[PDB]
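Novice: If it helps, the file is called start_25.txt and holds compact mmCIF, C-alpha atoms:
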# COMPACT_ATOMS: atom_id res chain seq x y z
CA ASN X 29 -45.80 -37.28 -18.99
CA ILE X 30 -43.51 -39.30 -21.24
CA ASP X 31 -45.97 -39.94 -24.07
CA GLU X 32 -46.61 -36.25 -24.74
CA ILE X 33 -42.87 -35.57 -24.93
CA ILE X 34 -42.31 -38.35 -27.47
CA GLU X 35 -45.46 -37.51 -29.47
CA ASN X 36 -44.33 -33.90 -30.08
CA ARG X 37 -40.79 -33.64 -31.45
CA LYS X 38 -40.69 -30.02 -30.26
CA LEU X 39 -40.81 -31.22 -26.65
CA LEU X 40 -38.60 -34.27 -27.20
CA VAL X 41 -35.66 -32.42 -28.76
CA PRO X 42 -35.20 -30.04 -25.78
CA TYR X 43 -35.30 -33.03 -23.43
CA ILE X 44 -32.79 -34.92 -25.58
CA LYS X 45 -30.46 -31.92 -25.66
CA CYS X 46 -30.87 -31.71 -21.88
CA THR X 47 -29.52 -35.24 -21.39
CA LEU X 48 -26.70 -34.52 -23.88
CA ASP X 49 -25.60 -31.27 -22.15
CA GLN X 50 -26.42 -29.68 -25.52
CA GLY X 51 -29.32 -27.66 -24.14
CA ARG X 52 -30.87 -26.48 -20.92
CA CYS X 53 -32.73 -28.73 -18.49
CA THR X 54 -36.07 -28.21 -16.84
CA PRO X 55 -36.27 -29.80 -13.36
CA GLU X 56 -38.04 -32.76 -14.98
CA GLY X 57 -35.38 -32.84 -17.70
CA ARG X 58 -32.48 -33.30 -15.28
CA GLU X 59 -34.37 -36.22 -13.75
CA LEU X 60 -35.11 -37.83 -17.11
CA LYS X 61 -31.41 -37.22 -17.79
CA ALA X 62 -30.56 -39.11 -14.59
CA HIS X 63 -32.78 -42.08 -15.46
CA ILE X 64 -31.61 -42.30 -19.08
CA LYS X 65 -27.99 -42.33 -17.90
CA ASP X 66 -28.99 -45.04 -15.42
CA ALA X 67 -31.10 -46.86 -18.02
CA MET X 68 -28.09 -46.91 -20.37
CA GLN X 69 -25.28 -47.96 -18.00
CA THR X 70 -26.75 -49.65 -14.92
CA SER X 71 -30.05 -51.20 -16.10
CA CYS X 72 -32.04 -48.33 -14.55
CA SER X 73 -31.00 -49.84 -11.23
CA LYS X 74 -31.97 -46.75 -9.22
CA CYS X 75 -35.25 -46.03 -11.05
CA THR X 76 -38.70 -46.69 -9.70
CA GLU X 77 -40.92 -48.98 -11.75
CA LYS X 78 -42.59 -45.77 -12.93
CA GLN X 79 -39.28 -44.27 -14.05
CA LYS X 80 -38.32 -47.56 -15.74
CA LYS X 81 -41.35 -47.68 -18.04
CA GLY X 82 -41.02 -44.00 -18.93
CA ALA X 83 -37.27 -44.09 -19.50
CA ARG X 84 -37.67 -47.31 -21.51
CA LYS X 85 -40.27 -45.67 -23.76
CA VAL X 86 -38.15 -42.54 -24.28
CA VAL X 87 -34.89 -44.39 -25.00
CA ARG X 88 -36.62 -46.76 -27.42
CA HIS X 89 -38.52 -44.05 -29.30
CA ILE X 90 -35.21 -42.21 -29.69
CA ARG X 91 -33.54 -45.45 -30.77
CA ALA X 92 -36.19 -46.11 -33.44
CA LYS X 93 -37.03 -42.58 -34.62
CA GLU X 94 -34.20 -40.27 -33.49
CA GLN X 95 -31.20 -42.37 -34.51
CA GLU X 96 -28.86 -39.41 -34.87
CA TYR X 97 -29.73 -38.44 -31.26
CA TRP X 98 -29.65 -42.12 -30.23
CA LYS X 99 -26.05 -42.51 -31.36
CA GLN X 100 -25.10 -39.33 -29.50
CA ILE X 101 -26.70 -40.80 -26.38
CA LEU X 102 -24.63 -43.95 -26.95
CA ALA X 103 -21.47 -41.87 -27.41
CA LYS X 104 -22.17 -39.99 -24.18
CA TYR X 105 -23.25 -42.85 -21.92
CA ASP X 106 -21.44 -45.89 -23.37
CA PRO X 107 -18.37 -44.64 -25.27
CA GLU X 108 -16.45 -47.89 -24.71
CA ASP X 109 -19.56 -49.94 -25.65
CA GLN X 110 -19.41 -51.85 -22.37
CA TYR X 111 -23.04 -51.50 -21.24
CA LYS X 112 -24.89 -53.23 -24.09
CA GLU X 113 -25.93 -56.24 -22.00
CA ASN X 114 -27.31 -53.85 -19.39
CA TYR X 115 -29.38 -51.53 -21.58
CA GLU X 116 -30.47 -54.24 -24.01
CA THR X 117 -31.83 -56.41 -21.20
CA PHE X 118 -33.42 -53.28 -19.75
CA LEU X 119 -34.93 -52.23 -23.08
CA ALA X 120 -36.12 -55.80 -23.77
CA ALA X 121 -38.38 -55.96 -20.69
Could you rewrite the structure in this file as structure tokens?
Specialist:
Amino acid sequence: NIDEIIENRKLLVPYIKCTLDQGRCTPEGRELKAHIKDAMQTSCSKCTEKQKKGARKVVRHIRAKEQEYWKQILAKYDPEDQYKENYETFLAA
């Protein structure tokens, strides 16, 4: 449940660190990690419509409220800043 993770920063941070290889991943975490990586580089091309709305909400909450962690996600998944068209069009829908 995406909304409960983003509503409690004590759940969100472990999930963020999971996608950053900075902390350990629950089975759900590794899958959110997979969709965020896909949401950031390939427009969530392999995500279900369910995984798109949830990954969109997570990435955008992090972008707006967890900027520090947002920029680390950008450093991990788009170091050359070549995927902006992909994840901005994804995040804008």
Novice: Kindly indicate which residue among X:80, X:45, X:37, X:88 lies nearest to residue X:100, using all atoms listed in the file for the distances.
Specialist: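 Result for the nearest residue to residue X:100: X:45.
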Novice: Kindly extract all protein, DNA and RNA residues lying within 10 Å of the coordinates (-36.0, -40.6, -18.8) given in the file, considering all atoms listed in the file, and supply them as a PDB file with C-alpha atoms, keeping the file's coordinate frame.
Specialist:
ATOM      1  CA  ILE X  30     -43.510 -39.300 -21.240  1.00  0.00           C
ATOM      2  CA  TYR X  43     -35.300 -33.030 -23.430  1.00  0.00           C
ATOM      3  CA  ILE X  44     -32.790 -34.920 -25.580  1.00  0.00           C
ATOM      4  CA  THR X  47     -29.520 -35.240 -21.390  1.00  0.00           C
ATOM      5  CA  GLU X  56     -38.040 -32.760 -14.980  1.00  0.00           C
ATOM      6  CA  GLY X  57     -35.380 -32.840 -17.700  1.00  0.00           C
ATOM      7  CA  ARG X  58     -32.480 -33.300 -15.280  1.00  0.00           C
ATOM      8  CA  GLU X  59     -34.370 -36.220 -13.750  1.00  0.00           C
ATOM      9  CA  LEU X  60     -35.110 -37.830 -17.110  1.00  0.00           C
ATOM     10  CA  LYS X  61     -31.410 -37.220 -17.790  1.00  0.00           C
ATOM     11  CA  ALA X  62     -30.560 -39.110 -14.590  1.00  0.00           C
ATOM     12  CA  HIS X  63     -32.780 -42.080 -15.460  1.00  0.00           C
ATOM     13  CA  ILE X  64     -31.610 -42.300 -19.080  1.00  0.00           C
ATOM     14  CA  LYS X  65     -27.990 -42.330 -17.900  1.00  0.00           C
ATOM     15  CA  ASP X  66     -28.990 -45.040 -15.420  1.00  0.00           C
ATOM     16  CA  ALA X  67     -31.100 -46.860 -18.020  1.00  0.00           C
ATOM     17  CA  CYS X  72     -32.040 -48.330 -14.550  1.00  0.00           C
ATOM     18  CA  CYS X  75     -35.250 -46.030 -11.050  1.00  0.00           C
ATOM     19  CA  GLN X  79     -39.280 -44.270 -14.050  1.00  0.00           C
ATOM     20  CA  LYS X  80     -38.320 -47.560 -15.740  1.00  0.00           C
ATOM     21  CA  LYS X  81     -41.350 -47.680 -18.040  1.00  0.00           C
ATOM     22  CA  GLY X  82     -41.020 -44.000 -18.930  1.00  0.00           C
ATOM     23  CA  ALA X  83     -37.270 -44.090 -19.500  1.00  0.00           C
ATOM     24  CA  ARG X  84     -37.670 -47.310 -21.510  1.00  0.00           C
ATOM     25  CA  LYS X  85     -40.270 -45.670 -23.760  1.00  0.00           C
ATOM     26  CA  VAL X  86     -38.150 -42.540 -24.280  1.00  0.00           C
ATOM     27  CA  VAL X  87     -34.890 -44.390 -25.000  1.00  0.00           C
TER      28      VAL X  87
END
Novice: In Å, rounded to a single decimal, give me how far atom CA of residue X:114 is from atom CA of residue X:32.
Specialist: 26.7 Å
Novice: For each of X:71, X:76, X:95, X:89, take the minimum atom-to-atom distance to residue X:31, counting all atoms listed in the file, then give the residue where this is smallest.
Specialist: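 So, comparing all the options, the nearest one is X:89.
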Novice: Given the choices X:54, X:68, X:46, X:38, which gets closest to residue X:105 if the distance is worked out from only C-alpha atoms?
Specialist: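 Distance minimum relative to residue X:105 lands on X:68.
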